[PDB]
Amino acid sequence: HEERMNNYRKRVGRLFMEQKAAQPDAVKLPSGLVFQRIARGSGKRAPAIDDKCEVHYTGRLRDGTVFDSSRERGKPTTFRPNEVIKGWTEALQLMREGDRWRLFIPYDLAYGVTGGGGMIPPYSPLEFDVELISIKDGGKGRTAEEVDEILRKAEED
Ligand SMILES: O=C(NCc1cccnc1)[C@H](Cc1ccc(F)cc1)NC(=O)[C@@H]1CCCCN1S(=O)(=O)Cc1ccc(F)cc1
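129 is the number that the authors' numbering gives to position 123 of the sequence shown; each next residue is one higher, with no gaps.
Structure, rendered in structure tokens:
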């Protein structure tokens, strides 16, 4: 039965997202995306919705299983914010070159009710660590001023 598995997946996944939101340096955005800043980069602009980004990353289920990783391919993968899941679209448009964040994405901002491919079941929250290596022809989105105001409103809740 997938319905019994989904009821379980819904409860423990909620607990997982509740745990990381309680971690000390974790930031919680109104959408539900929770992240932790690992490294602070020297970039000045964030990528726009259609900018190409050079990214090193690793994705984990909340039980520890890694389902994908760009380091075993060795070189960085190219993505656009308008090509990825919602949690990745929101995070990328707030990160500058050199930043390293750990993302905790609830299922409704990831692959949702259907799931993602083979190794990501329905109602699954996702854990990513993400490094933004560079942005093609420079970021054309948020400046450092726009980003800090979004974090300032977040920590104000
Ligand atoms: O799915 C995507 N866009 C379409 C879409 C669907 C639904 C909602 N919104 C958008 C993109 C682009 C992509 C498409 C097809 C691929 F084969 C690979 C990438 N992906 C991602 O957003 C995340 C983000 C981090 C990099 C890539 N992954 S990922 O690691 O989870 C992929 C993965 C999933 C399960 C695995 F077992 C292994 C790998």
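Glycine residues also receive a C-beta, built at the ideal position from the N, C-alpha and C atoms.
For residue i and residue j, I'd like the C-alpha separation in whole angstroms.
| i | j | result |
| --- | --- | --- |
| residue 53 | residue 137 | 13 Å |
| residue 20 | residue 26 | 10 Å |
| residue 76 | residue 66 | 12 Å |
| residue 132 | residue 15 | 12 Å |
| residue 128 | residue 113 | 8 Å |
| residue 41 | residue 7 | 33 Å |
| residue 68 | residue 23 | 9 Å |
| residue 100 | residue 146 | 12 Å |
May I ask you to report which of helix, strand or coil DSSP gives residue i?
| i | result |
| --- | --- |
| residue 135 | strand |
| residue 5 | Any answer about residue 5 is impossible in this case: the structure gives the chain only from 7 up to 163. |
| residue 90 | coil |
| residue 117 | coil |
At which residues does the beta strand (DSSP E) containing residue i begin and terminate?
| i | result |
| --- | --- |
| residue 111 | 106-111 |
For the alpha helix (DSSP H) holding residue i, just list the boundary residues, first then last.
| i | result |
| --- | --- |
| residue 19 | 8-27 |
| residue 158 | 150-161 |
Report all residues from its chain with a CB closer than 8 Å to the CB of residue i; omit the five preceding and five following residues, and keep chain order.
| i | result |
| --- | --- |
| residue 135 | 44, 63, 64, 106, 107, 108 and 109 |
| residue 115 | 37, 38, 39, 91, 92, 93 and 96 |
Ignore the nearest five residues each way along the sequence and tell me which others in residue i's own chain have a CB closer than 6 Å to its CB.
| i | result |
| --- | --- |
| residue 119 | 128 |
- Task: Let me know the beta strand (DSSP E) ranges lying completely inside the segment 31-75, each 3 residues or longer, listed in chain order.
- Result: 40-45, 59-67 and 72-75
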